[PDB]
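What follows is the content of run.cif (mmCIF, C-alpha atoms).
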```
data_query
loop_
_atom_site.label_atom_id
_atom_site.label_comp_id
_atom_site.auth_asym_id
_atom_site.auth_seq_id
_atom_site.Cartn_x
_atom_site.Cartn_y
_atom_site.Cartn_z
CA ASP I 196 55.42 254.29 113.89
CA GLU I 197 52.41 256.47 114.64
CA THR I 198 54.31 259.63 115.77
CA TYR I 199 51.27 261.55 117.00
CA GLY I 200 52.33 265.18 117.32
CA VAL I 201 54.75 267.05 115.05
CA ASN I 202 55.78 270.68 115.44
CA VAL I 203 56.12 273.03 112.47
CA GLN I 204 58.64 275.80 111.81
CA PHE I 205 57.43 278.44 109.34
CA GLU I 206 60.19 280.96 108.61
CA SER I 207 61.51 283.07 105.73
CA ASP I 208 64.20 280.65 104.59
CA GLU I 209 65.57 279.81 101.10
CA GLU I 210 67.13 283.24 100.56
CA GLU I 211 69.64 283.33 97.69
CA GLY I 212 70.69 285.47 94.75
CA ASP I 213 68.32 283.78 92.25
CA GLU I 214 70.97 281.21 91.31
CA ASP I 215 71.09 277.42 91.44
CA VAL I 216 72.56 275.66 94.48
CA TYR I 217 74.37 273.13 92.29
CA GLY I 218 77.94 274.08 91.51
CA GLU I 219 77.14 273.36 87.88
CA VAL I 220 75.68 276.28 85.95
CA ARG I 221 71.92 276.27 86.47
CA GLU I 222 70.40 274.22 83.63
CA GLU I 223 68.07 276.38 81.45
CA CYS I 238 49.31 273.36 58.09
CA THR I 239 50.96 276.24 56.22
CA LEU I 240 49.47 278.99 54.08
CA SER I 241 48.91 278.29 50.38
CA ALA I 242 47.38 280.48 47.67
CA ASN I 243 45.10 279.05 44.99
CA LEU C 1391 83.85 272.70 73.83
CA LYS C 1392 83.59 272.50 77.63
CA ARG C 1393 79.89 271.63 77.43
CA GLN C 1394 80.46 268.93 74.81
CA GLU C 1395 83.30 267.39 76.84
CA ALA C 1396 81.18 267.51 80.01
CA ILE C 1397 78.39 265.73 78.13
CA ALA C 1398 80.99 263.20 76.96
CA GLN C 1399 81.87 262.55 80.60
CA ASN C 1400 78.22 262.82 81.63
CA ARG C 1401 78.77 266.06 83.54
CA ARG C 1402 76.93 269.36 83.79
CA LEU C 1403 78.85 272.53 83.00
CA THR C 1404 79.48 274.04 86.41
CA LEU C 1405 78.99 277.68 87.31
CA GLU C 1406 82.55 277.32 88.51
CA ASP C 1407 83.36 276.19 85.00
CA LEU C 1408 81.61 279.35 83.89
CA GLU C 1409 83.59 281.12 86.60
CA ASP C 1410 86.71 280.46 84.56
CA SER C 1411 85.08 282.65 81.95
CA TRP C 1412 83.17 284.60 84.59
CA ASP C 1413 80.68 286.48 82.42
CA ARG C 1414 83.35 286.44 79.72
CA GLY C 1415 82.68 288.30 76.49
CA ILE C 1416 80.24 291.14 75.92
CA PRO C 1417 77.37 289.06 77.31
CA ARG C 1418 77.57 287.74 80.85
CA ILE C 1419 78.21 284.02 80.58
CA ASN C 1420 77.20 283.90 84.24
CA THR C 1421 73.57 283.89 83.10
CA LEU C 1422 74.15 280.25 82.23
CA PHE C 1423 73.94 279.80 85.98
CA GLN C 1424 70.79 281.81 86.73
CA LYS C 1425 67.78 280.00 88.16
CA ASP C 1426 65.18 281.33 85.72
CA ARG C 1427 67.28 279.97 82.88
CA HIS C 1428 64.50 277.53 81.99
CA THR C 1429 61.79 280.20 82.27
CA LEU C 1430 63.69 282.82 80.25
CA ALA C 1431 63.99 280.40 77.31
CA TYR C 1432 60.40 281.34 76.38
CA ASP C 1433 60.85 285.12 76.77
CA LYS C 1434 61.28 285.70 73.06
CA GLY C 1435 61.21 289.20 71.61
CA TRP C 1436 62.47 290.77 74.82
CA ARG C 1437 64.82 293.35 73.28
CA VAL C 1438 62.07 294.79 71.08
CA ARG C 1439 59.73 294.71 74.09
CA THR C 1440 62.22 296.66 76.20
CA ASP C 1441 62.64 299.18 73.40
CA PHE C 1442 58.86 299.61 73.11
CA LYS C 1443 58.52 299.92 76.90
CA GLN C 1444 58.98 303.68 76.48
CA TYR C 1445 55.38 303.87 75.21
CA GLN C 1446 53.96 302.29 78.38
#
```

Please express what this file holds, its structure, as structure tokens.
Amino acid sequence: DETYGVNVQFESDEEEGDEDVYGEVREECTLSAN
Amino acid sequence: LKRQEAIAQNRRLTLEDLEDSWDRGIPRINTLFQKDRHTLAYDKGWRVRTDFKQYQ
């Protein structure tokens, strides 16, 4: 489909406590002398 | 042991799993669930840096 015309929604979303959404814990020559 | 058994069952240690030992021990185990986890793995020498911060 062409779908000419799409509105945008710019807001201050994605607010969290610096954690990961997943229930699971957030995944993290040499010298030689002559 | 929980991490190795989760790997055995192809599972990722959950923060809830960490919740069982919510920040257990002197260090906060919870950190295992922080987002910057990957970024902080390169922040070597941070204790000495914090100690030297008094000069800046």

Quick one: which residues end up in the PyMOL selection byres ((chain I) within 6 of (chain C)) for this structure, as an MDAnalysis selection string?
chainID I and resid 213:215 218:221 223

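For the pair CA of residue 1437 (chain C) and CA of residue 212 (chain I), the separation is 23.6 Å.
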
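Relative to CA of residue 1433 (chain C), CA of residue 1393 (chain C) is found at 23.3 Å.
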
How far is it from CA of residue 240 (chain I) to CA of residue 1432 (chain C), in Å with one decimal?
24.9 Å

Given the block above, output region 1399-1425 of chain C with N, CA, C and O atoms as a PDB file, in the first residue's frame.
```
ATOM      1  N   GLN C1399      19.926 -24.697  30.879  1.00  0.00           N
ATOM      2  CA  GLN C1399      18.571 -24.710  30.343  1.00  0.00           C
ATOM      3  C   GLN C1399      18.370 -23.547  29.384  1.00  0.00           C
ATOM      4  O   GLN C1399      17.237 -23.135  29.134  1.00  0.00           O
ATOM      5  N   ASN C1400      19.465 -23.011  28.854  1.00  0.00           N
ATOM      6  CA  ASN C1400      19.371 -21.911  27.897  1.00  0.00           C
ATOM      7  C   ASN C1400      18.488 -20.786  28.418  1.00  0.00           C
ATOM      8  O   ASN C1400      17.539 -20.377  27.751  1.00  0.00           O
ATOM      9  N   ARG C1401      18.794 -20.287  29.609  1.00  0.00           N
ATOM     10  CA  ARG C1401      18.008 -19.210  30.195  1.00  0.00           C
ATOM     11  C   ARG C1401      18.913 -18.115  30.733  1.00  0.00           C
ATOM     12  O   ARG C1401      20.051 -18.379  31.118  1.00  0.00           O
ATOM     13  N   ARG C1402      18.415 -16.884  30.756  1.00  0.00           N
ATOM     14  CA  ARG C1402      19.203 -15.776  31.279  1.00  0.00           C
ATOM     15  C   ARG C1402      18.832 -15.508  32.727  1.00  0.00           C
ATOM     16  O   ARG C1402      17.652 -15.398  33.059  1.00  0.00           O
ATOM     17  N   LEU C1403      19.836 -15.399  33.590  1.00  0.00           N
ATOM     18  CA  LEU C1403      19.570 -15.121  34.991  1.00  0.00           C
ATOM     19  C   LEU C1403      18.667 -13.910  35.080  1.00  0.00           C
ATOM     20  O   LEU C1403      19.008 -12.844  34.572  1.00  0.00           O
ATOM     21  N   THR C1404      17.515 -14.068  35.719  1.00  0.00           N
ATOM     22  CA  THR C1404      16.557 -12.971  35.802  1.00  0.00           C
ATOM     23  C   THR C1404      16.867 -12.020  36.941  1.00  0.00           C
ATOM     24  O   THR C1404      17.491 -12.407  37.928  1.00  0.00           O
ATOM     25  N   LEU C1405      16.446 -10.769  36.809  1.00  0.00           N
ATOM     26  CA  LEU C1405      16.627  -9.826  37.898  1.00  0.00           C
ATOM     27  C   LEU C1405      15.816 -10.368  39.047  1.00  0.00           C
ATOM     28  O   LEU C1405      16.180 -10.193  40.205  1.00  0.00           O
ATOM     29  N   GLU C1406      14.703 -11.024  38.731  1.00  0.00           N
ATOM     30  CA  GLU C1406      13.899 -11.649  39.769  1.00  0.00           C
ATOM     31  C   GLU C1406      14.734 -12.725  40.431  1.00  0.00           C
ATOM     32  O   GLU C1406      14.671 -12.910  41.645  1.00  0.00           O
ATOM     33  N   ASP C1407      15.519 -13.445  39.638  1.00  0.00           N
ATOM     34  CA  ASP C1407      16.410 -14.439  40.215  1.00  0.00           C
ATOM     35  C   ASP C1407      17.357 -13.708  41.139  1.00  0.00           C
ATOM     36  O   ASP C1407      17.633 -14.167  42.246  1.00  0.00           O
ATOM     37  N   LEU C1408      17.853 -12.558  40.693  1.00  0.00           N
ATOM     38  CA  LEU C1408      18.719 -11.753  41.541  1.00  0.00           C
ATOM     39  C   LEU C1408      17.916 -11.211  42.710  1.00  0.00           C
ATOM     40  O   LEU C1408      18.466 -10.951  43.776  1.00  0.00           O
ATOM     41  N   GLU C1409      16.613 -11.040  42.513  1.00  0.00           N
ATOM     42  CA  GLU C1409      15.755 -10.537  43.577  1.00  0.00           C
ATOM     43  C   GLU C1409      15.805 -11.471  44.769  1.00  0.00           C
ATOM     44  O   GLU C1409      15.758 -11.025  45.914  1.00  0.00           O
ATOM     45  N   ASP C1410      15.904 -12.770  44.508  1.00  0.00           N
ATOM     46  CA  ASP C1410      16.012 -13.726  45.597  1.00  0.00           C
ATOM     47  C   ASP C1410      17.166 -13.295  46.471  1.00  0.00           C
ATOM     48  O   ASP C1410      17.053 -13.282  47.696  1.00  0.00           O
ATOM     49  N   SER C1411      18.280 -12.930  45.849  1.00  0.00           N
ATOM     50  CA  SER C1411      19.413 -12.427  46.606  1.00  0.00           C
ATOM     51  C   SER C1411      19.485 -10.934  46.374  1.00  0.00           C
ATOM     52  O   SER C1411      20.554 -10.401  46.082  1.00  0.00           O
ATOM     53  N   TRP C1412      18.345 -10.256  46.479  1.00  0.00           N
ATOM     54  CA  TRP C1412      18.312  -8.820  46.195  1.00  0.00           C
ATOM     55  C   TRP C1412      19.523  -8.093  46.756  1.00  0.00           C
ATOM     56  O   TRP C1412      19.602  -7.851  47.961  1.00  0.00           O
ATOM     57  N   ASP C1413      20.471  -7.751  45.890  1.00  0.00           N
ATOM     58  CA  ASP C1413      21.661  -7.032  46.331  1.00  0.00           C
ATOM     59  C   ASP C1413      22.290  -7.736  47.519  1.00  0.00           C
ATOM     60  O   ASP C1413      22.788  -7.088  48.438  1.00  0.00           O
ATOM     61  N   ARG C1414      22.275  -9.064  47.503  1.00  0.00           N
ATOM     62  CA  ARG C1414      22.810  -9.825  48.627  1.00  0.00           C
ATOM     63  C   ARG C1414      24.314  -9.658  48.741  1.00  0.00           C
ATOM     64  O   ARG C1414      25.000  -9.443  47.742  1.00  0.00           O
ATOM     65  N   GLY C1415      24.831  -9.757  49.961  1.00  0.00           N
ATOM     66  CA  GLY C1415      26.255  -9.590  50.173  1.00  0.00           C
ATOM     67  C   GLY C1415      26.631  -8.129  50.279  1.00  0.00           C
ATOM     68  O   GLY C1415      25.790  -7.251  50.086  1.00  0.00           O
ATOM     69  N   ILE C1416      27.896  -7.861  50.576  1.00  0.00           N
ATOM     70  CA  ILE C1416      28.354  -6.482  50.693  1.00  0.00           C
ATOM     71  C   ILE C1416      28.069  -5.705  49.409  1.00  0.00           C
ATOM     72  O   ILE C1416      27.523  -4.604  49.462  1.00  0.00           O
ATOM     73  N   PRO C1417      28.428  -6.275  48.247  1.00  0.00           N
ATOM     74  CA  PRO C1417      28.077  -5.583  47.005  1.00  0.00           C
ATOM     75  C   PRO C1417      26.613  -5.792  46.664  1.00  0.00           C
ATOM     76  O   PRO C1417      26.014  -6.771  47.109  1.00  0.00           O
ATOM     77  N   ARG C1418      26.042  -4.885  45.882  1.00  0.00           N
ATOM     78  CA  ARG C1418      24.655  -5.033  45.476  1.00  0.00           C
ATOM     79  C   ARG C1418      24.570  -5.911  44.243  1.00  0.00           C
ATOM     80  O   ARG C1418      24.914  -5.481  43.142  1.00  0.00           O
ATOM     81  N   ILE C1419      24.105  -7.143  44.419  1.00  0.00           N
ATOM     82  CA  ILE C1419      23.959  -8.048  43.289  1.00  0.00           C
ATOM     83  C   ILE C1419      23.057  -7.412  42.249  1.00  0.00           C
ATOM     84  O   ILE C1419      23.203  -7.665  41.054  1.00  0.00           O
ATOM     85  N   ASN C1420      22.120  -6.586  42.700  1.00  0.00           N
ATOM     86  CA  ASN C1420      21.198  -5.922  41.784  1.00  0.00           C
ATOM     87  C   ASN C1420      21.894  -5.352  40.548  1.00  0.00           C
ATOM     88  O   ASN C1420      21.316  -5.344  39.464  1.00  0.00           O
ATOM     89  N   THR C1421      23.123  -4.870  40.707  1.00  0.00           N
ATOM     90  CA  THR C1421      23.836  -4.275  39.584  1.00  0.00           C
ATOM     91  C   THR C1421      23.815  -5.198  38.383  1.00  0.00           C
ATOM     92  O   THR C1421      23.863  -4.742  37.243  1.00  0.00           O
ATOM     93  N   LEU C1422      23.755  -6.500  38.635  1.00  0.00           N
ATOM     94  CA  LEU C1422      23.709  -7.462  37.546  1.00  0.00           C
ATOM     95  C   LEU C1422      22.532  -7.161  36.643  1.00  0.00           C
ATOM     96  O   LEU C1422      22.434  -7.705  35.548  1.00  0.00           O
ATOM     97  N   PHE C1423      21.636  -6.293  37.095  1.00  0.00           N
ATOM     98  CA  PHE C1423      20.442  -5.989  36.316  1.00  0.00           C
ATOM     99  C   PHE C1423      20.422  -4.559  35.783  1.00  0.00           C
ATOM    100  O   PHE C1423      19.427  -4.129  35.208  1.00  0.00           O
ATOM    101  N   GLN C1424      21.506  -3.821  35.981  1.00  0.00           N
ATOM    102  CA  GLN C1424      21.563  -2.444  35.511  1.00  0.00           C
ATOM    103  C   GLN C1424      21.753  -2.408  34.004  1.00  0.00           C
ATOM    104  O   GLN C1424      22.330  -3.327  33.427  1.00  0.00           O
ATOM    105  N   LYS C1425      21.267  -1.354  33.361  1.00  0.00           N
ATOM    106  CA  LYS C1425      21.361  -1.256  31.905  1.00  0.00           C
ATOM    107  C   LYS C1425      22.783  -1.046  31.402  1.00  0.00           C
ATOM    108  O   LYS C1425      23.180  -1.637  30.401  1.00  0.00           O
TER     109      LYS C1425
END
```
